[PDB]
Every structure is written in structure tokens, then in C-alpha cells.
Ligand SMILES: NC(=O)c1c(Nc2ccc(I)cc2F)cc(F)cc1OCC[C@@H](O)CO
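One chain is shown next in C-alpha cells, namely the form deposited without this ligand.
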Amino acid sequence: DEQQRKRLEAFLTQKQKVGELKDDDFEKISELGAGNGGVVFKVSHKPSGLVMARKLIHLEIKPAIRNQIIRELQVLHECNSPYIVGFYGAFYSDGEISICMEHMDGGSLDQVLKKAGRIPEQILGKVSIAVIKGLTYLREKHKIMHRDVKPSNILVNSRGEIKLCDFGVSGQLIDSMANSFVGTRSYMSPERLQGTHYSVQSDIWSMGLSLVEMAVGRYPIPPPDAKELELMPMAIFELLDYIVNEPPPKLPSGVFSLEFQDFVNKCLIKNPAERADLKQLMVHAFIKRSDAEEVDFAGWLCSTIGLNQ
């Protein structure tokens, strides 16, 4: 589209003026949140004047492997897309790996989901399009997966933009993160949990599992009881055994579009081969239904937190 070319270029220019990143050049503005291993700050880059978001990862790892990670994160300089969070640079200093990216005043959809209760199917439509387009760009033009699709990894801003972040460009980073930092829940496909690598299929499952949750406002493993479904835990091993052994989550009967229920169902079938592909989802009837629609996603997001834009 016209406007992705416009905005993208503008990012590339004020990225050209950033230069080489050094720790003393950042002033801390405020805290953006933390995950399992990373911490994110809203910061000002003094020499350029830009405001960006700085993730800081503290790992105890061989220096060889840390320098490998830094080299592999350098690939982010070429992953520029309107569905991919803008990337300024990555470096190491004072025990920390820093990933500098553009700041998204909407935050992640994880937090947005806490603030809105449920996210309407109308809005999840546009979200699904953004994620499919991003996963597609990653696969087609960099042969790389996301590997960590989940609402905390889908970022939005007040300009209506929806972008992916935290995707698996550095395998050493993944395998480092693997050796520590257990979580409390999982978006991991059932084929991956059993040690099967069926490529991009893993990310489609994950997105489906995301959709269900934002559609209802609850992580859907296990499904809610009939009394707790009324309102419209498990340790992580039980969750994984549930994902592997028992049938997938499902949207409620009537509260959602038939096309939307079908879309998530095709996203969530436990056989990685018969599960839908990027090219199939791209032309699914809910996807065209939703791409025809004209929604005020920027205004909806602002109403869900603050002032309109």
C-alpha cells in the first residue's frame, strides 16, 4: 500500500541518523514492563533525539555465545516491514544485551487484553491479517519463523498499526533463554512439544491459541467449566500434557461468527499437516470478510486506554 511505503521510509531515514549505539547515550524515561528474562524501558537516545524502547536481557553464558547472539541479532537491520516492530540496533554492555526498537504507545496485546476484558471479533480480524502478513514476510523473505507468537509479542500503537516482535532471528538466544526462565503457561504447538519440527505450522497454531484468548479474555487451556463459561490453576507440565493429550480449544457456539469459529478451528487442529497454511488462511472467508470491513482500530485502541487519535 501507499502508506506502508511512506511510513516505512520515514523510519529508515531517522534510523540512518541514529549512528552507533552506546550505553551512555540513553537516558531512562520510564518502565515498559518485564518478561521472563528481559526488561523493557522507554528511553531517549540523546545524539539523535529519538524516543525508543530498549529491551535488556541478562544472560550468564560464554562470551563466544554472547558475541554469536549479537552477530545474529544484526539480521534485524534487514527485517523492515509495517507488520514488524521497527529495529534500531543491538549491542552488549555492562552485563546486558540491549535490543533497541521503536516505541509502541499501545503496548502489547497482552496488556490491551487486560484493559479491555475481551477484544471484539471485528478487531481480531484486523489483528489476524497483520499477524499472517508478518509471518509471511518473515518466511518468504528471510526464511525465518517467529517461534514465540502470543499476545505479549503483538504490539500496537495509536496510529492503528499492528506489528510483530520478539521473533526467532537468533537461535543461540533461544537456546540460552531455554536454559533458564521457566514460564507458567505455554503457546507451544503439540507437534513441537513432542519434538517435531513442521516449520511455520508451529506459528499458526500459536496464533490460533492467541485468538481464542483475546476473543474471550482467558488463556484457554484448560477450557472453562460450564459455570465459568457463564460470564460472557495448572502447573505448566499439566498444561503441556493437556495440549498434547486432549482436544484443542474452541470458540463458544453463537457469540462468534461462524467464519471466525472456522478460522480458529483450522488454526488449532493438532495434526500439523492438515492444519491450515499461511496461503490458505490468507484467503479464508473470515479473512476476506474482515479485510473488506472498515474499522477504527486506532480509535478503538485509544478508547480502550486513553485519548483519541
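All residue numbers are counted from 1 along the displayed sequence. Rigid core: the largest C-alpha set superposing within 1.5 Å between the two forms.
Where coordinates are absent for parts of the deposited sequence, a chain break appears; between neighbours residue 232 and residue 233 it spans 10 or more residues. In this entry, 217-225 shows the higher mean Cα temperature factor of the pair 217-225 and 174-182. Legend: mean Cα B-factor per stretch from the PDB entry, 164-172 versus 117-125; the higher mean is in 117-125. If you compare the C-alpha temperature factors of 88, 205, 91, 198 in the entry, 198 comes out highest.
Among the modelled residues of its chain, residue 31 has a C-alpha B-factor that falls in the middle third, as given in the PDB entry.
Ranked against the other modelled residues of its chain, the C-alpha B-factor of residue 60 as given in the entry falls in the lowest third. When the CA B factors of the chain's modelled residues are split into thirds, the value for residue 140 lands in the highest one. In the PDB entry, residue 298 places in the middle third of its chain by CA B-factor.
Among the modelled residues of its chain, residue 66 has a C-alpha B-factor that falls in the lowest third, as given in the PDB entry.
Note that the form solved in complex with this ligand isn't included here; everything after this is about it.
None of 116, 239, 165, 129 but one reaches within 4.5 angstroms of this ligand in the bound PDB entry through a heavy atom, and that residue is 165. When you look in the bound PDB entry, the only residue of 212, 135, 85, 124 with a non-hydrogen atom within 4.5 Å of this ligand is 85. Every member of the trio 55, 147 and 177 reaches this ligand in the bound PDB entry with some non-hydrogen atom inside 4.5 Å. This ligand in the bound PDB entry comes within 4.5 Å of no heavy atom belonging to residue 207. Although the partner is absent from this view, residue 216 stays clear of this ligand in the bound PDB entry, with no non-hydrogen atom inside 4.5 angstroms. Contact annotation: residue 170 falls within 4.5 Å of this ligand in the bound PDB entry, judged by heavy atom distances. Using a 4.5 angstroms limit between non-hydrogen atoms, residue 221 is distant from this ligand in the bound PDB entry.
Of all the residues from 88-119, those having a non-hydrogen atom no more than 4.5 Å from this ligand in the bound PDB entry are 99, 101.
No residue of 34, 51, 61, 278 other than 61 has its CA displaced by 2 Å or more between the shown form and the other one when the core is superposed. Superposition of the core reveals a Cα shift of less than 2 Å for residue 93 between the shown form and the other one. Superposition on the rigid core between the shown form and the other one places the CA atom of residue 143 less than 2 Å from its counterpart. A movement of the C-alpha atom of residue 168 falling short of 2 angstroms is seen between the shown form and the other one when the two forms are aligned on their rigid core. Relative to the shown form, the CA atoms of residue 57 and residue 184 are pushed 3 Å or more farther apart in the bound PDB entry.
A shift of at least 3 angstroms pushes the Cα atoms of residue 196 and residue 265 further from each other in the bound PDB entry than in the displayed structure.
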